[PDB]
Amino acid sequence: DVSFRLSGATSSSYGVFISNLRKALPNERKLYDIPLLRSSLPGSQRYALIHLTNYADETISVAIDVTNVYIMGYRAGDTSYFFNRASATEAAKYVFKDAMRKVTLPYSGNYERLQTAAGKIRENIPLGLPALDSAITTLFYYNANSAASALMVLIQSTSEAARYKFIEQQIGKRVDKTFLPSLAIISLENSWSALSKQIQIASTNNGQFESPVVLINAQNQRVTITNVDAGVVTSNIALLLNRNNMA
């Protein structure tokens, strides 16, 4: 388990939370000093709970699958909420077991469905610590008219932040303000599995990728990444999706 409290939060306390979250995920190996996530884990080891408290002291617990940092559902009070996907009915056999009511949300938790459900693309959804406070509030008083957008703020403030130092930093520096994520953030989010796959191939091919990954930079320039000396591998990506946990 890992916790983050919005009351009294600072850039620093967010960074501590995201480092603790990365640490919570099991890894036996590192490649280029980056933790390589496990490809399979027994149920009793597969989930971690992130407890989030907003400024108003209301708390939600978020269940994540530690092999892929995917959120499977959350609990607020006596009720649990899970994504509609097989992996989420599997998580429900292990977490939030003594919830009184269990609701299955109407979507897998993937972005193309959440953006359709929210009627907004990620670039137009505010992030930053105040946005995370508001997302905790909206999910705690669940309403289908508002939950998709809040879930995308949740996912980006936890999973994507844990996957990339750049996303962590950008969100954490907004302690009293909010901001729209640049194409750079959208591109890192989109590309996590492909970058992870190539980084593992590189470790068996002298640091060279077998297929390039195109990312968007700070100038909204499309850049082609082809090896482990690229800044995204040396100083940004912080977790690797195991090649045998995609296919």
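Note that residue numbering follows the sequence shown and begins at 1.
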- request: State which stretch shows the higher mean Cα B factor in the entry: 123-131 or 90-98.
  value: 90-98
message: On mean Cα temperature factor in this entry, is 105-113 or 154-162 the higher one?
response: 105-113
task: Tell me which of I216, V213, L36, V66 tops the list for C-alpha B factor in the record.
output: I216
message: Based on the deposited C-alpha B factors for this chain, I'd like to know if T137 is in the lowest, middle or highest third.
response: middle
- prompt: Mind checking which third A184 falls in for C-alpha B-factor across the chain?
  reply: middle
task: Check where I237 lands among this chain's C-alpha B-factors and tell me if it's the lowest, middle or highest third.
output: lowest
query: In terms of the CA temperature factor given in the entry, to which third of its chain does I71 belong: lowest, middle or highest?
result: lowest
field: Within-chain third of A144 by Cα B-factor, per the entry
entry: highest
